[PDB]
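What follows is a single structure, written as structure tokens, with notes after it.
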Amino acid sequence: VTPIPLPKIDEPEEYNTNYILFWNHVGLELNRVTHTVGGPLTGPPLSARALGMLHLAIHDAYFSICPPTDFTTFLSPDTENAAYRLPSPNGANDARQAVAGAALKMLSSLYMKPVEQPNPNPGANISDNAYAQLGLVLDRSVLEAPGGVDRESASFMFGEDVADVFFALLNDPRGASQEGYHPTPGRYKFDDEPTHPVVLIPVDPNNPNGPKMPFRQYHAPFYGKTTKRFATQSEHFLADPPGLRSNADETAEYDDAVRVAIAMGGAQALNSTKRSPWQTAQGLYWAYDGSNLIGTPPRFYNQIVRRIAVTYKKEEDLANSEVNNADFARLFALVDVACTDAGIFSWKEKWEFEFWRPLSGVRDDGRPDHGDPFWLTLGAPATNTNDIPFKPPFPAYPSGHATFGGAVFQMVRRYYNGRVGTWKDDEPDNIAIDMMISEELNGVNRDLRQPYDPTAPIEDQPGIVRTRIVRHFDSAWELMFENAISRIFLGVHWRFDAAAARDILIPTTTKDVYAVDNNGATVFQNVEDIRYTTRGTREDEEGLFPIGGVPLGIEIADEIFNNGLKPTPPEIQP
């Protein structure tokens, strides 16, 4: 097996001298490699789950050895319910080895070939090479771990024990199954993306150049409603999107959303595209749409959180600081569990509503003066491949990116309020970062002129290089906001998929019609003024509910944090 040459990561080398950060990094490496080889745990929600599981395991292993004062372990060693009973250290006291055991066992269970029956049907789609490439990462990580790995230690064994409990309890082997799901075409209905209506996949993954077969991908249509939640203490719901159910009468809102969609998310060269070059940058920056050597959004969110963590650490020493180890172990557990649950609920709502994506909404509108049957979006970038931009194979409402961002960044905000600055729980923070680079725009990754070559470094492959853009952000509120609107710029999401138009756009004297500049480009509210307060109704439930992914994510993070990271009550699991 020729090891895939992975491009350099843009972050200080010192980060990986901290073992909590190192294992997080390993999880991120597996994330990008699995999306390059087509291995297990691909896609946004499940990749998030993998990281949540990794950090939950690391969290309990560490805090069992170094007991916390302000909170407790996710699982208790005294729980009668075996499924939720955390193993006891019984003498083990090496947190470094405990974390290593937990991290290695969890990642191995997650990414190694499920030979034990699961290979059939479930795993029957991943090649041996895919597993081999992932194994390479796992194996060398043992050798790269700061301080080394001692498999013989009681602490390492304890860590493995911890991981076993979490894997058994939270792993969702067939969670992303689409078997039985089929779109139900109609106005506002999700269906196969018109520029990629079907794909030809090899009949045998182990024989990539052998016979192919048509494939219509629907990403995890049952996951959200069936999977076990992590730390949420209730079910989360969004208001009906414009045009559907109780909000079917919001025609002005919908029509304006169509207008905004065309102007802000169309292909670069279209005469109707009013988006600016900078806005194109904002759109691509947050992509991470499962591309080769890049992975999914959860990977980028963690890259950013790693920087935030180091930037705002209590002690200078990254290698031998228990204060830092505890800080990071807790932060990442909170963040990745929040990200996991954000993925669950955004996917649950996505498939519940089955709201169509902008490309289809614009093309299939049907009204001569409103739609554009030949519209093209900037699209989700097919980076490090010669493939054309596409549309994620799942419904639009709400945006996965928006929800992930709301959860991740609200969690960061709740965690750092009082340390980095002071603000109202729901108001702009001051958690700034600089020198933040997205692998979508790093001067290395590219749009290839020929199919990706996994045996050669990306820089040796002909293609158009993505401009290197080094960013600075003033707060997590800004990160959250830009992450959400990035999908509008790409043309893959409606404004309401992100948040209530009223909460992010500049209003006019005309209801539901928002301000545009002299060129027709949508004007946004200043980040400092944005408040996600506009709620809407649901046909099936009483009351007002949040609109879009951002508010949803915010609520998920707050609920988890408020409860101090505790398991979702078994009684309320699906």
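Numbering starts fresh at 1 for the residues of each chain in the structure tokens, the chains themselves are lettered A, B, ... in the order given, and ligands are numbered from 1 as they appear.
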
List every residue of region 240-265 of chain A that has an atom at most 10 Å from any atom of region 275-295 of chain A, and for each one report the closest atom pair and its distance in Å to one decimal, counting only C-alpha atoms, with rows sorted by chain and then by increasing residue number, as JSON lines.
```
{"residue": "A:260", "atom": "CA", "partner": "A:275", "partner_atom": "CA", "distance": 9.9}
{"residue": "A:262", "atom": "CA", "partner": "A:275", "partner_atom": "CA", "distance": 9.5}
{"residue": "A:263", "atom": "CA", "partner": "A:275", "partner_atom": "CA", "distance": 6.5}
{"residue": "A:264", "atom": "CA", "partner": "A:275", "partner_atom": "CA", "distance": 4.7}
{"residue": "A:265", "atom": "CA", "partner": "A:275", "partner_atom": "CA", "distance": 6.9}
```

Would you put the residues from that selection into a file with N, CA, C and O atoms, as an mmCIF file, in the first residue's frame?
```cif
data_model
loop_
_atom_site.group_PDB
_atom_site.id
_atom_site.type_symbol
_atom_site.label_atom_id
_atom_site.label_comp_id
_atom_site.auth_asym_id
_atom_site.auth_seq_id
_atom_site.Cartn_x
_atom_site.Cartn_y
_atom_site.Cartn_z
ATOM 1 N N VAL A 260 -32.569 36.505 -3.868
ATOM 2 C CA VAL A 260 -31.300 36.560 -3.153
ATOM 3 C C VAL A 260 -30.423 35.359 -3.517
ATOM 4 O O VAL A 260 -29.222 35.510 -3.741
ATOM 5 N N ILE A 262 -30.291 33.578 -6.307
ATOM 6 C CA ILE A 262 -29.731 33.767 -7.643
ATOM 7 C C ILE A 262 -28.602 34.794 -7.654
ATOM 8 O O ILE A 262 -27.507 34.529 -8.159
ATOM 9 N N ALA A 263 -28.860 35.952 -7.060
ATOM 10 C CA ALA A 263 -27.872 37.022 -7.022
ATOM 11 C C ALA A 263 -26.613 36.701 -6.223
ATOM 12 O O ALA A 263 -25.501 36.980 -6.673
ATOM 13 N N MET A 264 -26.779 36.081 -5.063
ATOM 14 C CA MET A 264 -25.641 35.789 -4.195
ATOM 15 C C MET A 264 -24.931 34.446 -4.341
ATOM 16 O O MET A 264 -23.776 34.322 -3.926
ATOM 17 N N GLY A 265 -25.603 33.448 -4.910
ATOM 18 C CA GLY A 265 -24.980 32.143 -5.042
ATOM 19 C C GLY A 265 -24.772 31.563 -6.429
ATOM 20 O O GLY A 265 -24.434 30.384 -6.555
#
```

**OP:** Write out as a list in words each polymer residue whose atoms come within 10 Å of residue 55 (chain A), counting only C-alpha atoms; drop sequence neighbours fewer than 2 positions from it.
**Re:**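 Non-adjacent residues within range: residues 20, 23, 24, 27, 49, 50, 51, 52, 53, 57, 58, 59, 60, 61, 99, 102, 103, 106, 163, 328, 329, 330, 331, 332, 333, 334, 335, 336 and 337 of chain A.
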
### Task
Would you kindly return, as a VMD selection string, each protein, DNA or RNA residue with an atom no farther than 10 Å from any atom of region 314-320 of chain A, considering only C-alpha atoms and excluding same-chain residues fewer than 3 positions away?
chain A and resid 14 to 21 146 to 147 309 to 311 323 to 325 327 419

Students should find that CA of residue 379 (chain A) and CA of residue 522 (chain A) are spaced 18.2 Å

query: Closest to residue 480 (chain A) among A:256, A:150, A:429, A:128, using only C-alpha atoms?
result: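 When distances to residue 480 (chain A) are compared using only C-alpha atoms, the smallest one comes from A:429.
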
- Query: Which residue out of A:95, A:376, A:4, A:124 has the minimum interatomic distance to residue 268 (chain A) when only C-alpha atoms are used?
  - Reply: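 Smallest distance to residue 268 (chain A) is found for A:376.
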
Next on the checklist: Nearest residue to residue 360 (chain A) out of A:322, A:193, A:497, A:387, using only C-alpha atoms?
Outcome noted: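 The answer is A:193, which sits nearest to residue 360 (chain A).
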
If you count only C-alpha atoms, the residue of A:205, A:118, A:186, A:101 closest to residue 38 (chain A) turns out to be A:205

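Pairwise distance (CA of residue 502 (chain A), CA of residue 540 (chain A)) equals 23.5 Å.
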
Q: Have a look at A:371, A:159, A:392, A:175 and name the one nearest to residue 92 (chain A); count only C-alpha atoms.
A: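 Among the listed residues, A:159 lies closest to residue 92 (chain A).
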